[PDB]
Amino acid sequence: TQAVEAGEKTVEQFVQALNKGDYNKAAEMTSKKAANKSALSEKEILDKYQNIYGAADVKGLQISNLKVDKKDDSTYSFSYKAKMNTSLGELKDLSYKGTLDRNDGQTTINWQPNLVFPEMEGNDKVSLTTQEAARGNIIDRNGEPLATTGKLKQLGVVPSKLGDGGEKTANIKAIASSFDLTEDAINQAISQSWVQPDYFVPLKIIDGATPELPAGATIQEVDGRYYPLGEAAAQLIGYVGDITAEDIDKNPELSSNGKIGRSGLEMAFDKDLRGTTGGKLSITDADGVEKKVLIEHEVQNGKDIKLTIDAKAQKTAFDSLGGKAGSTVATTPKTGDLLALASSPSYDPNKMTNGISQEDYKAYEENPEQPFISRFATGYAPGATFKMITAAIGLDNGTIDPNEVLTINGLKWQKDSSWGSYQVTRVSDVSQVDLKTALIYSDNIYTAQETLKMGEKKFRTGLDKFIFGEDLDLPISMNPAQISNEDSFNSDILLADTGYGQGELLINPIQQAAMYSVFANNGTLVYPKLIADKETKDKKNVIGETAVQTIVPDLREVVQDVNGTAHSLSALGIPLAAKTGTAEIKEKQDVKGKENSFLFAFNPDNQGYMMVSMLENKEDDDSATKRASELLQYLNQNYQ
């Protein structure tokens, strides 16, 4: 029948309008208010859906098994299964039933309260009780807390309870001479544009015993997320913020009264950390007596997340950067455990998750050094450390003879006049350069020449055995490393520049620690790992074992040789293999070139730890090597 198909279309549009939250559009599809017709007027149906579905945060109403037949000459019965998402989960297996009316040339819904929820009759009410779930903690490899939930005491004043004249000036000075605060800051806070007489003005966060409360002052306990390392792990851990109405629209299972991860691991593991809201959604009678329970769950607190991070290493790595732009990554290269992921400069996550002013937040955004960047997950040109990879590749394909000596004159070199005014630059004017000398002095000209001899095809063959283009299995947002923009250099200059770690190479520090792990596993690349319980994954035969046993002794000389670039690290008296240097990088946003400092270091005796550190846009006479001794001591002492 052509009328049965039109009756289905009416039910389809009705469910759609309910799904899109347009309750007025769904109410206008109902018949007139009467017995055997619609139970309420259009405005009353609107307010019932907006109140009930709004109270439970109904979202994503969808139906199935729609059956529409005929019951009389103008009455058509319909039925369908349906499910929806609420603040307590998914309401599944709902049997909806009703009748349609065909008057004139339009079909409408004989609306009944059973179309809000299946077993609702007359003036039944809907009740929703919820219990908030406690956010899980984030802990280091030894159980030390990195992000914890706790209660905080908020000292505040009520301007109406403070006084009228004279008594107000006395109570302001009394509340100031008890909590250690200037009387001008209290008057500035209680006289802002938002403050009203009977409001509550949060003053100071008390972190101890509460003194006597003068007239007007009061304490308000509030739930507070706390970060013990503070800025030292702010980029990695992240921060949580107040949940907004827009967050609930995207995910109703969020607690509108709680916190949501805004960045870092708080956002990456937000679902595992937030838990699930417990409570009960029930239908009551006209007076509030419970009839049917729709949904009921117990509160499930969030599960803790245990990281491979070492809290003492994380703090030492971050402090060593001295507030300068840079990053540090420490690993146990044989297993991939990320011991430290430091990024500097940083922001205060405690100030961020509690009270942060518009001025201090803008100071973070307008800061040219950009403290919000997670530098350990930002792609950089690997710089001076990448010389080892090109060397290992050249040793495997037989291009590089370790004992063959190149004769290099001066500090600048170009292949031929086709390069124009461009030349590869080195820092030390050493005449007779072999592989060991090139690694000790960090000779870019030697590397550029050996890369050009090797050729693009052999160079890419060795590079393709690494992790370029791969998505690392890490809960950290990052782009995969790339060799260059396209699959071909189409440039001898770009090929040469790529050889010593520049050109269009983009590798973030974490991906660098993965690639450089081959020197601690005889050519096996061990993938980095951040979650403690995860299984170690690796990639075998990335470079030859011969290349490792040739390069690592040379990397010891980068430290031990009197002219090695990392010779200051020999003061430690510990077995070290390192590779350091400096590169001048010019990005699109930069006008002129800026200098970055690079460091790679690990223990060549036990392979217990590995470190990559970088300074971005460094000051003169500053370097990552000058700052690495303190972390290297800790890693060497506690990770053998």
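Start at 1 with the first residue shown and count on from there.
Legend: mean Cα B-factor per stretch from the PDB entry, 571-579 versus 50-58; the higher mean is in 50-58.
Stretches compared: 307-315, 88-96. Higher mean C-alpha B-factor in the entry: 88-96. Per the deposited coordinates, the residue with the largest Cα temperature factor out of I248, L162, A330, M352 is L162. Of the residues listed, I445, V222, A147, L339, the entry assigns the biggest Cα temperature factor to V222.
Among the modelled residues of the chain, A34 sits in the highest third by CA temperature factor in this PDB entry. When the CA B factors of the chain's modelled residues are split into thirds, the value for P252 lands in the middle one.
Per the PDB record, residue ranking by Cα B-factor puts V157 in the highest third of the chain. The PDB entry assigns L265 a C-alpha temperature factor belonging to the middle third of its chain's modelled residues.
When all modelled residues of the chain are sorted by CA temperature factor, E298 is found within the middle third.
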